[PDB]
Amino acid sequence: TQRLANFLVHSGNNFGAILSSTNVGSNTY
Amino acid sequence: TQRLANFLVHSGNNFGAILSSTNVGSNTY
Amino acid sequence: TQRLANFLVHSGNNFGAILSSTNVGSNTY
Amino acid sequence: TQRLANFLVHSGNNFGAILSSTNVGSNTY
Amino acid sequence: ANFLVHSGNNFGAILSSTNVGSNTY
Amino acid sequence: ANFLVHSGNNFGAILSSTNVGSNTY
Amino acid sequence: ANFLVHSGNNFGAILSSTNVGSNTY
Amino acid sequence: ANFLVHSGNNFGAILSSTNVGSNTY
Amino acid sequence: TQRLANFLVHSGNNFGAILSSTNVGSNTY
Amino acid sequence: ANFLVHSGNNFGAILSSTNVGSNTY
Amino acid sequence: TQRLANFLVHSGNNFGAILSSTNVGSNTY
Amino acid sequence: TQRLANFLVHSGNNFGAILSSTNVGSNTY
Amino acid sequence: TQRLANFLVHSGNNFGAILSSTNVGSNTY
Amino acid sequence: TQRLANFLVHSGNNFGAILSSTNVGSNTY
Amino acid sequence: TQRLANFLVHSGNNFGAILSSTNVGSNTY
Amino acid sequence: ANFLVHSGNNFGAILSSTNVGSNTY
Amino acid sequence: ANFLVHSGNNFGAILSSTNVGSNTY
Amino acid sequence: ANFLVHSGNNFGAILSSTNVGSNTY
Amino acid sequence: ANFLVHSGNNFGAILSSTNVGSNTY
Amino acid sequence: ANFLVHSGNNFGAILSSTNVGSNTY
């Protein structure tokens, strides 16, 4: 089992998320 | 089982998510 | 079993999601 | 079993989702 | 075997704008 | 075997606008 | 064998607009 | 075997703008 | 089982997250 | 085996702007 | 506009979800 | 606008979720 | 706008989540 | 705008989470 | 805007989390 | 006006079993 | 006006079992 | 106006079991 | 106005068991 | 106005058990 992945990203201005995992709760009780 | 993937992204201005996983709850009790 | 995938995206301004998985709850009890 | 897929997307302004999976609950009890 | 090539140009410009890309999580 | 080539130009421009792309999660 | 080629131009422009692309999740 | 090549130009410019990319988590 | 991954990112101005995992609570009781 | 090559140019410039990228966690 | 809801659940053994919202991606690129 | 909700749950053994919101990504690139 | 909610839970053994919000990424690149 | 919430939980043995928000990444690059 | 919340929890043995926010990374590069 | 009453008994028992309720998310 | 009453008994018992409720997230 | 009353009994018992409630996040 | 009342009994007992509630985060 | 009252009994007992509630963060 061989798994090959290639990522090439070009960003000028990044205000959000790139190749990122974000967890937020923002819960109210 | 061989799995090959290639990603090439060009972004000028990113305000959202690129190649990203986001989790939000925003729940109310 | 060989699986080959190629992705090429060009984005000027991204306000949403590109190649992304989003989970939101937004539930009310 | 060989499966080949090619994706080429050109976007000027993205406010929604491109090649993305979105889950929202928006449930009320 | 798989080969990928790319030789292009991308351009995105936001000009003279206000309240751009405000997000809340 | 699979080959992919691309040699193009992309352009996206937002000009003189207000309240663009406001998102809430 | 499969080959894909592309040599084109794309253009998207939003001009002089308000309250564009407001989303709520 | 797999090979990947790239020789392009990317450009993103935000000019004369206010309240750009305000985020809250 | 061989797994090979290559990441090449070019960023001019980064105000968000690149190749990062973010956890926030923002909960209210 | 896998090979990766890259020879390009990237450019991002924010000019004459105010309240850019304000974030709160 | 008045909305009244009453929930009464009796469970012996719960292996799944009760009054719950679940989001899973399980996506492959 | 009045909204009234009452929840009464009796659980012996809970292995899953009760009155809960779950987000999982489980994504593969 | 009046919103009233009452929660009454009785649990013997809890191995999962009760009135809880969970976020997991479990992502692979 | 008046919002009133009452929570009454009885737990014998708690091995999971009660009225809790959990964030986990578990990501692999 | 008046917001009133009442919490009453009875726990015999707590091995997990009660009214708590937990953040874990567990990431691998 | 709405009234709800309940005065019953519930019972669920798993006995002498293996590999019960295995879940994967 | 709404009234809710309950006066019942609940019972759940797992006995002499193995590999019960294994979860993975 | 809303009223809630409860006067009941709950019972959950795990006996003589192995590998119960193993979770991984 | 809202009123809440409760007068009940809760019971949870794990007896003669091994490897109970093993969690990993 | 809101009032809350409670007058009950809670009981949780782990007896004659091994490797109970092992957690790792």
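Order of writing sets the chain letters: A, B, C, D, E, F, G, H, I, J, K, L, M, N, O, P, Q, R, S and T. Residues in each chain are counted from 1.
Assume contacts are C-beta pairs under 8 Å (C-beta built on N, C-alpha and C of every residue); 3 or more make two chains touch, one makes a residue touch a chain.
The pair with more inter-chain C-beta contacts, choosing from A-B and N-T, is A-B.
For B-M, the equivalent interface among the listed pairs A-B, C-D or A-N is A-N, as over half of the contact pairs agree by residue number.
Averaging C-alpha coordinates per chain places the centre of subunit M 14 Å away from that of subunit S.
For the pair subunit E and subunit Q, the distance between mean C-alpha positions equals 51 Å. The multi-chain contact residues of subunit D, meaning those touching 2 or more other chains, are 4, 6, 8, 10-16, 21-25, 27, 29.
Interface residues of subunit N facing subunit T in the complex, by the touch rule stated above, are 4, 6, 8, 10-13, 15.
Considering their complex, residues 21, 23, 25, 27, 29 of subunit C touch subunit L.
Subunit E makes touch with subunit F in their complex at residues 1-25. Across the interface of their complex, subunit N is touched by residues 2, 4, 6, 8, 10-14, 21 of subunit T.
On the subunit N side of its complex with subunit R, the touching residues are 10, 12, 15-16, 22, 24, 26.
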